[PDB]
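As a plain string of letters, each chain reads:
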Amino acid sequence: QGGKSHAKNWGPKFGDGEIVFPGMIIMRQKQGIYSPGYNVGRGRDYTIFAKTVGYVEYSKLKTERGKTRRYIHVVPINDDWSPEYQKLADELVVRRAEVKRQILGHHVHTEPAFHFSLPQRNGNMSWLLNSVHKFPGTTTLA
RNA sequence: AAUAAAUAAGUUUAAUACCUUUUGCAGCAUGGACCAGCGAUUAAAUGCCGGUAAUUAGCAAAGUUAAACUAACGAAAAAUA
RNA sequence: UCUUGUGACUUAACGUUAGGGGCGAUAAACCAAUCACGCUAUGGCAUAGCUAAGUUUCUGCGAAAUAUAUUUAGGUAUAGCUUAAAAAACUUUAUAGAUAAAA
RNA sequence: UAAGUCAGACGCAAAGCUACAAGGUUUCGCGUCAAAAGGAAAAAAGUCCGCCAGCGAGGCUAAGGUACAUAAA
RNA sequence: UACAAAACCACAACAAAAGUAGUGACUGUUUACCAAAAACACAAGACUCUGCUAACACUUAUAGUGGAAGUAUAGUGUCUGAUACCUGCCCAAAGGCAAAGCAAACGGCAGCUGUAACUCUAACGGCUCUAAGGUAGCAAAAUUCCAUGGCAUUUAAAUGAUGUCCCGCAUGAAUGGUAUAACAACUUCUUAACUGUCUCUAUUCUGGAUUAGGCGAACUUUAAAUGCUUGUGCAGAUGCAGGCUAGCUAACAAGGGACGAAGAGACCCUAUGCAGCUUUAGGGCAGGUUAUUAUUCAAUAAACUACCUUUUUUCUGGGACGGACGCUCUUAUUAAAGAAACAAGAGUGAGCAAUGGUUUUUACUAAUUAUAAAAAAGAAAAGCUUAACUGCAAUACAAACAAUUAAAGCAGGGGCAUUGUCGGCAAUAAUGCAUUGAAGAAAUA
RNA sequence: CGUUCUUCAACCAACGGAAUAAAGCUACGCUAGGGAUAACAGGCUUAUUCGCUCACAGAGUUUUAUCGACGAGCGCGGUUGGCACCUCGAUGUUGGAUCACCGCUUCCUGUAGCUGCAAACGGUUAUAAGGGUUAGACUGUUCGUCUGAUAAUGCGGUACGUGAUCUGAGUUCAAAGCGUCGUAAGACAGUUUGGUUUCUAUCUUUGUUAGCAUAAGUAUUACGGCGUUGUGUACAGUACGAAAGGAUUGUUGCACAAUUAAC
RNA sequence: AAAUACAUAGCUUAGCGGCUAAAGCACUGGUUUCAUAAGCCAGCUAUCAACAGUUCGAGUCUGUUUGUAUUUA
RNA sequence: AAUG
Ligand SMILES: [K+]
Ligand SMILES: [K+]
Ligand SMILES: [K+]
Ligand SMILES: [K+]
Ligand SMILES: [K+]
Ligand SMILES: [K+]
Ligand SMILES: [K+]
Ligand SMILES: [K+]
Ligand SMILES: [K+]
Ligand SMILES: [Mg+2]
Ligand SMILES: [Mg+2]
Ligand SMILES: [Mg+2]
Ligand SMILES: [Mg+2]
Ligand SMILES: [Mg+2]
Ligand SMILES: [Mg+2]
Ligand SMILES: [Mg+2]
Ligand SMILES: [Mg+2]
Ligand SMILES: [Mg+2]
Ligand SMILES: [Mg+2]
Ligand SMILES: [Mg+2]
Ligand SMILES: [Mg+2]
Ligand SMILES: [Mg+2]
Ligand SMILES: [Mg+2]
Ligand SMILES: [Mg+2]
Ligand SMILES: [Mg+2]
Ligand SMILES: [Mg+2]
Ligand SMILES: [Mg+2]
Ligand SMILES: [Mg+2]
Ligand SMILES: [Mg+2]
Ligand SMILES: [Mg+2]
Ligand SMILES: [Mg+2]
Ligand SMILES: [Mg+2]
Ligand SMILES: [Mg+2]
Ligand SMILES: [Mg+2]
Ligand SMILES: [Mg+2]
Ligand SMILES: [Mg+2]
Ligand SMILES: [Mg+2]
Ligand SMILES: [Mg+2]
Ligand SMILES: [Mg+2]
Ligand SMILES: [Mg+2]
Ligand SMILES: [Mg+2]
Ligand SMILES: [Mg+2]
Ligand SMILES: [Mg+2]
Ligand SMILES: [Mg+2]
Ligand SMILES: [Mg+2]
Ligand SMILES: [Mg+2]
Ligand SMILES: [Mg+2]
Ligand SMILES: [Mg+2]
């Protein structure tokens, strides 16, 4: 009788000259209307995301067969295309997290603090429990 | 809705009670004839968040209960000799 | 005014059947002034997302009637709303050859 | 504020449903009422001007008015 | 028995019909306080059960009592309801009961098509299906939607009454069919007579009202000093705006308005609703019967009867009836996003062991529910493969929350290449929390 | 026996799914609430209905005498509808009896034109609301059919006027019968028989009367109320007309009927 | 106007995805009989309401336009 | 072995 499907927000998220950080989504589209340019990626559903720190750019290209192609680019901070820019981006990522924690305040906790320790698997932290809970380092050999 | 603001005291102008309930009530929606008396977030235990103090608390009386605290990276060199 | 008026009749005294019931030529009739479960005490200040009511004064601030979910639609929860000239940023899109200093 | 609210209404301007009807109904942009006294149009919730701490027989204006009712050519 | 009847007979008192149709035989009985009837009972008919410590009922029953101190021509239960003439077929399926049978137990009892001189009709044929296919009788009914059916009688005039025609929406034979003398404070129509019922009212008697003395209530009351008319307004004004209205207070009389008084609307819808009743809605066994087993009035129960307890959504241009409830695509509300109606137009609750991953070649550039995706990309062809992995993850989209969506990167073991890609499929749908249950492995006790 | 990891299944499609499971009747009904929500009446709207104008096609056949259309516009609030704004601590249902006020879209009684108007009987348009608008059979009816007369037997609004004035036949409680549907309780929106109608008038409106308030009598004018009706017949078998048929006119004459006023 | 079924040679009646077809009456020809009926033998009807879709392929599955019942207002 |  009635009914409606859940809405999908297709469209751009940033304009020309806006600053982005790695992992941020720039475009949500149902078809490949826009193609990935430099310093960007594309998901299996045609989601375009940034892969470095920089500013968003838009450009148009005319192909060999007379079709129009549209790209999305991310430009480095000072137009630095050298391979040394990657380490600068890594430092900026660490700094950005510190800025956010300072603004939010101490009472917005960003790590858990339980009365027990989480198990370790394959050298990383795991959220799955072991069959038995034991204190670390409270037993000797044999 | 019987009053109000004024006046040379003759009068002139302004002006559809209250409560409850509603998008909206002078309401042709609800309740009250009037007076006096009576008539409705109170007490205990526990928890959370502010305020005001003590500077651990209770017993006991040189010794015991309750609470609270208890490792995180030992990183500074400021000598006009 | 009308029906019956020796009969399946009417009347008086006393007695019998009691509510998870009795009685009934059945009308759900009657059982102490109106019974599809009598009266009284107790459980008991039953329960009511419904209607009604809520008692002195002054000062300051000040909404909503939408979204989602619901044995949910005149109820309730979450979000929303109301209380509690700083820093940072540059955005409504497209392009040229203009100088003349020295015997 | 771990509060109240989850019955809304109409004007101008658009669209769906109705019959390019309803003071109809469903969304949407602004405003007003709701919770807003005062002035103009006859009475005047939603239109036009404009937001009331108190008193006074001072003055200038808005919307709207300027032969009588009724202040001002 | 009942009815008609010219006429005849009466001191004063007492006085009130007949016929037609429908329904019940009759006299009786009933909703104390709106229904007296066609409803119930009734004499009578039939069916079934019961061998006597009878069946059955009361009761905790191991008692005791009624039945009955009766004994199948008797007693219990059920449906028909004097009397006269009658009372046809079916026990399949789903139940109940019983001696594998029972309908006067509870119930049922069709459709299509061709055919006789002109026509019409079908005496007469053909086919399908079922346990059986409604027989006689009666029939515009207390039963008929078309409807005030057609014809005749009745009247000056007939939605009336009686008679008659008839597959009758949806008649019908013991939930009986058709008739029937008598009887009826029952319903219907007609005749005689009579009359203030009426044309059309008038006069009068008795009592009240009305006048005077005495005695002395009740409903109701926010406050009142309470005009008309049109306009306005929670949409019908004594009280607001315009046009009008000028002696004062009552008595007797009428009843337009004060949305007049009395009873927190019964109708309708809405509830954390309540109650009674019904059943092949769920669960139980706690009386009897029945079945099995055991001791010299007992134990267990997927049965029948009785009893106890529980459930029987919401949305909705009021409710019921109908329809609908998850998830995708598209249309209008322009060219950011978002946006509702029981608005509109289409899909889906999967498929693929390759239609997945990856290399090479080229006279190819399609298709999907729908769609201007895509050329260093795809499709097809050829080869090798299982990444349709193990353990983690910065940062974002969205969003009340739950969950849902995209993803660089790190370690391990792999595939095809030979340093690139692979954590399923062009993309946008193919789904389900927690609980409970189950399987493989591992660690404890 | 318990815990963790890797996984799956059933009812959840009322698809945020849980009180394990799980249908109905009430006209014998009961309580708490709503005009937040229906049935009668009012309100808004005017699709539909109705009326008028333009249109003059087509029938009549010289005439737009008369009838009458496609299509468009405007108006009315009386037909069938839509909405849910007022009332559920109550705004009495259909028809009639009794007594009324208003509109004109005129049935009769009037005035003035046209005509396919000789007369008579008619047709149509404009204007006019003072008076009048009948007695009976059937039906609960509104309506409808019919009978004998009549100058004629008009329509609509007023809570589809009118129950604190009357009526209760229909519809709409509890009883009962028949048919159809349901296993049943029961239902009909089908039919049949029966079934309680309260009120002493405070305010306003209206008809009469008394007392009180400026002495009594006669009183032009003004103001208010009422409303001057209808049929037959004679003047005439004359006008008109081949015949048949058969008038107009009137401060007319006469008889009668209704209404009003008294006696 | 809603809701559940059905439209198959001349007439009843199989069939509901592999080609577009079964059975009985009727019709035609032959045989039997003096002749007509019954009885026997062989044949015949492109055998699938109408339109648009799905699919390699539809009487068969999905919609629309017509006709017929059945239930409801 | 129904009929003319
Ligand atoms: K007083
Ligand atoms: K008797
Ligand atoms: K019986
Ligand atoms: K009787
Ligand atoms: K009155
Ligand atoms: K409505
Ligand atoms: K649900
Ligand atoms: K009401
Ligand atoms: K006239
Ligand atoms: Mg659907
Ligand atoms: Mg209201
Ligand atoms: Mg009161
Ligand atoms: Mg009864
Ligand atoms: Mg403020
Ligand atoms: Mg639920
Ligand atoms: Mg709500
Ligand atoms: Mg709401
Ligand atoms: Mg509205
Ligand atoms: Mg409010
Ligand atoms: Mg000035
Ligand atoms: Mg002046
Ligand atoms: Mg009798
Ligand atoms: Mg008797
Ligand atoms: Mg009685
Ligand atoms: Mg009697
Ligand atoms: Mg009686
Ligand atoms: Mg008998
Ligand atoms: Mg019968
Ligand atoms: Mg009988
Ligand atoms: Mg007297
Ligand atoms: Mg008014
Ligand atoms: Mg007035
Ligand atoms: Mg009430
Ligand atoms: Mg509902
Ligand atoms: Mg979240
Ligand atoms: Mg590799
Ligand atoms: Mg992939
Ligand atoms: Mg009630
Ligand atoms: Mg309302
Ligand atoms: Mg509304
Ligand atoms: Mg006129
Ligand atoms: Mg009238
Ligand atoms: Mg009326
Ligand atoms: Mg009854
Ligand atoms: Mg019956
Ligand atoms: Mg039956
Ligand atoms: Mg009687
Ligand atoms: Mg013969």
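Its PDB header attributes the entry to cryo-EM and lists the resolution as 3.1 Å.

The name the PDB entry assigns to chain A is bL27m, from the organism Polytomella magna. Per the PDB record, the entry is named "Structure of the mitochondrial ribosome from Polytomella magna with tRNA bound to the P site".

**Student:** Please clarify how the nonpolar core should be interpreted in this entry.
**Tutor:** Grouped burial of nonpolar side chains is what soluble globular proteins tend to show. Counting nine residues, the largest nonpolar core consists of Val20, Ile26, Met27, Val40, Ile48, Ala50, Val56, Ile72 and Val74. Among the elements of the structure, β3 (25-28), β6 (48-50) and β8 (68-75) are those that each provide at least two residues to this core. Discounting chain neighbours no more than four positions away, the residues touching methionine 27 are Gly11, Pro12, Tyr34, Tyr46, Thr47, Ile48, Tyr58 and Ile72.

**Student:** Would you mind showing me how to read the sheet that holds β6 here?
**Tutor:** Strands belonging to one sheet form pairs held by backbone hydrogen bonds; the direction of such a pair is parallel or antiparallel. What the four strands build is an open sheet, ordered β1-β3-β6-β5; its pairing is antiparallel. Of all strands in the sheet, those with a lone pairing partner are β1 (11-12) and β5 (40-42), marking the two edges.

**Student:** I would appreciate a short explanation of the protein's contact with RNA strand F in the present structure.
**Tutor:** Neighbouring residues of RNA strand F: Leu128, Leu129, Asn130 and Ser131. Among the atoms of RNA strand F close to the protein, meaning within 4 Å, 92% are from sugar or phosphate groups. With respect to RNA strand F, the backbone of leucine 129 contributes an N or O atom lying 2.7 Å from a sugar or linking oxygen. Broken down by class, the residue content of the surface near RNA strand F amounts to two nonpolar, two polar and no charged.

Here is what the cut-offs are and how they apply
- Residues numbered from 1 in each chain as written, not as in the entry; some residues may be left out.
- Chains lettered and ligands numbered in written order.
- Part of a larger assembly, values for the part shown.
- Heavy atoms only, no water.
- Core = buried A, V, L, I, M, F, W, Y, C linked by side-chain atoms within 4.5 Å.
- Buried < 20%, exposed > 50% of the residue type's maximum accessible area, 1.4 Å probe, protein only.
- Helix = DSSP H or I, 4+ residues; strand = E, 2+ residues; numbered from the N terminus.
- Contact = heavy atoms within 4.5 Å.
- Pairing = 2+ DSSP bridges.
- Near = heavy atom within 4 Å.
- Polar contact = N/O pair within 3.5 Å; in protein donor to acceptor, adjacent residues only side chain to side chain.
- Nonpolar A, V, L, I, M, F, W, Y, C, P; charged D, E, K, R; others polar.

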